[PDB]
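The chain below stands alone and is given in structure tokens; this is the form deposited in one PDB entry.
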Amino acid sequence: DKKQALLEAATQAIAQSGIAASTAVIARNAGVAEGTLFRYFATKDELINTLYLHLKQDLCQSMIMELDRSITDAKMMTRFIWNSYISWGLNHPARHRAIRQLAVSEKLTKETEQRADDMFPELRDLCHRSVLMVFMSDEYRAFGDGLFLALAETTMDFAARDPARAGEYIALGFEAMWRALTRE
């Protein structure tokens, strides 16, 4: 079973505690010995990187299956992808909380971030077409990403607590994020 068992327990622990979360707690909650966690994942940094790839691949798969390739307007394409992104976060709140904490942790390797980006080429090209050049720079990209993740999580939080207005929060959050991060 057990590699999956370790990834799910790391998901919940990091959602709750961020990377400050406990390999003992993780291994325990996965029903295995801690030295066993380290046989599957040689280090904590490798568990963090591997977990991030697994969670991003699930999120990406979920967005890709909803992609209407007929749309070519950058704003309309980005909107329908945001809808999908927020939907996944509403369905998997711990999985999203874990991605956001790992993303901003600066414990992700350059190789990991590029492999994550390559999971959704159309979104990476959308970033290239649409995001302000300052937020695509090496110096401020991480901040751009942090602002995006803040806006997306706040949208998920308001939507999750008031389902009746969820579609409107999702629409208002998209328009706010688009004005915040894109070319004037």
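Shifts are known only where both forms have a C-alpha. Throughout, we count residues from 1 along the sequence that is shown. If you superpose the two forms and keep the largest set of C-alpha atoms that fall within 1.5 Å, you have the rigid core.
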Quick note on 27-35 and 129-137: per-entry mean CA temperature factor is higher in 27-35
143-151 versus 51-59: which one carries the higher mean Cα B factor per the record?
51-59
Largest Cα B-factor, entry values, listed residues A176, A160, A9, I170:
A9
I99: CA B-factor among chain residues, third -> middle
Place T109 in the lowest, middle or highest third of its chain's C-alpha B-factors, as listed in the PDB entry.
middle
Could you place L90 in the lowest, middle or highest third of its chain by Cα temperature factor, using the values in the record?
lowest
Place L67 in the lowest, middle or highest third of its chain's C-alpha B-factors, as listed in the PDB entry.
highest
For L123, the third of its chain into which the C-alpha B factor falls:
middle
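Missing here is the form deposited in another entry; even so, the following discussion is about that form.
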Which residue, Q61, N29, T154, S130, is displaced 2 Å or more at the Cα between the shown form and the other one after superposing the core?
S130
Core-aligned, does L51 move its Cα 2 Å or more between the shown form and the other one?
no
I14 to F135, Cα distance in the other entry relative to here: closer or farther, by 3 Å or more?
farther
Change in CA distance between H128 and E106 in the other entry, which is 3 Å or more, as closer or farther:
farther
Fitting the two forms on their core, which runs of three or more residues have every Cα moved by 2 Å or more between the shown form and the other one?
117-136
